[PDB]
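The chain below stands alone, shown as structure tokens; this is the form deposited in one PDB entry.
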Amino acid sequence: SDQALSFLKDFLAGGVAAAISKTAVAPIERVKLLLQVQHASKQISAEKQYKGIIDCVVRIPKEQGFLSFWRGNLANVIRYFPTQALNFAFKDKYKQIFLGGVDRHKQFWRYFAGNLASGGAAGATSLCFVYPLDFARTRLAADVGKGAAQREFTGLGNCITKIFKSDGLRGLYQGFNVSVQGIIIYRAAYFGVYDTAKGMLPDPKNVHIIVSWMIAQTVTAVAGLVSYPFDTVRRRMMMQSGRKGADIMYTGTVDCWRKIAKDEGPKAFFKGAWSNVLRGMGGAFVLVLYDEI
């Protein structure tokens, strides 16, 4: 060996691992979505909206079947491979266009900005292609329907083809913009918090290693909380595609930040935020157990 098809078995493993953690936490990921976008559903009346996580998981199995926890999951397992291909293709290029020729230690802010753009551009590129999967994934999760007769979509494939035959690609991509704003916010917080933090803590390796994990998670959760409102409006807009007239609670991104803060208050933006913290730590934790011989 020295060129034994090495580069791709990682790819397979990397995707197989991704599939496993996503599927493991798919149940809580669905509860977080429901709580997040239920207030804007055609199915969930006001007298069906869940009181929280427990209320939700205690009711879902009975309402739609135990397997419904995995409703919309398929897209989670797919997305990995197509996304990854696109990174091998642009991520590096973006790094050099924006971070090229700048020394992180002698230009902190020019590195902060360049790195945002670097991640912002790449994210926008990948989204551009797999966004639809996130769309379907989110639409299906919100499908609180019971039988295939009280179900908005009979699946991912249908969900895609349906909305399209209803709004072309425009429907399938609602929330795009704000999700791109969100990504930059996520990244600014992720790093912003890791820089201030790297100093407030002992970097001489002296800090067990497991404590190092819990802090990485801590940082992933903080970053995820700061950009959560953006995720919230993003999802709320996805909900609209296909809903021709009447119920249209939102018309545009601004129309969304608007209605919410008004009708739902200053926090509706964080509906599912805690659930999303659990989903994230749970996932990172699954990747831990996964590393078995």
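For every residue, the number given is its place in the sequence shown, counted from 1.
With 21-29 and 8-16 compared on mean CA B-factor from the PDB entry, the stretch scoring higher is 8-16. Higher average CA B factor: 154-162, of the stretches 111-119 and 154-162.
The entry assigns its greatest Cα B factor, within the set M239, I54, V254, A268, to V254.
Within the group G101, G192, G72, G147, the record's highest C-alpha temperature factor is found at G147. Split the chain's modelled residues into thirds by C-alpha temperature factor. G182 is in the lowest one. In the deposited entry, the Cα temperature factor of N206 sits in the top third of values across the chain's modelled residues. Per the deposited record, the Cα B-factor of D143 falls in the middle third when ranked against the other modelled residues of its chain.
Per the deposited record, the Cα B-factor of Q43 falls in the highest third when ranked against the other modelled residues of its chain. Per the deposited record, the Cα B-factor of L133 falls in the middle third when ranked against the other modelled residues of its chain.
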